[PDB]
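To start, the structure under review is shown below, and the notes come after it.
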Amino acid sequence: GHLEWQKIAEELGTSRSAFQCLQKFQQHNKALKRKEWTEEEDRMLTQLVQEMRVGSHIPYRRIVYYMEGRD
DNA sequence: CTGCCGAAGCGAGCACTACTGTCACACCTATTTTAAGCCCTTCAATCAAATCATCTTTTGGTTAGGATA
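When we follow the deposited numbering, the leftmost residue of the first sequence carries the number 313, and every step to the right adds one.
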């Protein structure tokens, strides 16, 4: 279940650590680095944008704090 | 016509802050030579703090890779 990464690393058999395995997985994870979108992400993104936008300026990469799975 | 002696208030002895004449011995430096320690200048050799140049990491934003709604 993408979980208990110490056991994943031990079972992988290449002497990796849990943190290395997790880092490699997340950098190549479809579920994290989305190409699609979801309803709650769009709704909350619009909410933060409308709250904090002034004219043509918006917090592009700071909204990443609230929704999961972006840079 | 001049002259003596009392009443009261004064008094004493005991209680199982610096000058000045001298005077010779003190002070004073002419030079010799070491063996380890010296103060201050004075610039030159060396180092590290500060600055500037440029590459890189993340926001704004676009291109066109990539996408929803």
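Idealized CB from N, CA, C, for every residue including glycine.
Below 8 Å CB to CB, which residues in the same chain sit around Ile320 once its five sequence neighbours on both sides are set aside?
Mapped onto the first sequence, residue 320 falls at position 8. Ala330, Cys333.
What does DSSP give as the partner residues of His369 in its beta bridges?
The sequence position of residue 369 within the first sequence is 57, counting from 1. DSSP lists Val366 as partners of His369.
Along the alpha helix (DSSP H) that carries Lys336, what are the first and last residues, could you check?
Reading the first sequence from its first residue, position 24 is the one you call residue 336. Note, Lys336: alpha helix (DSSP H), 330-339.
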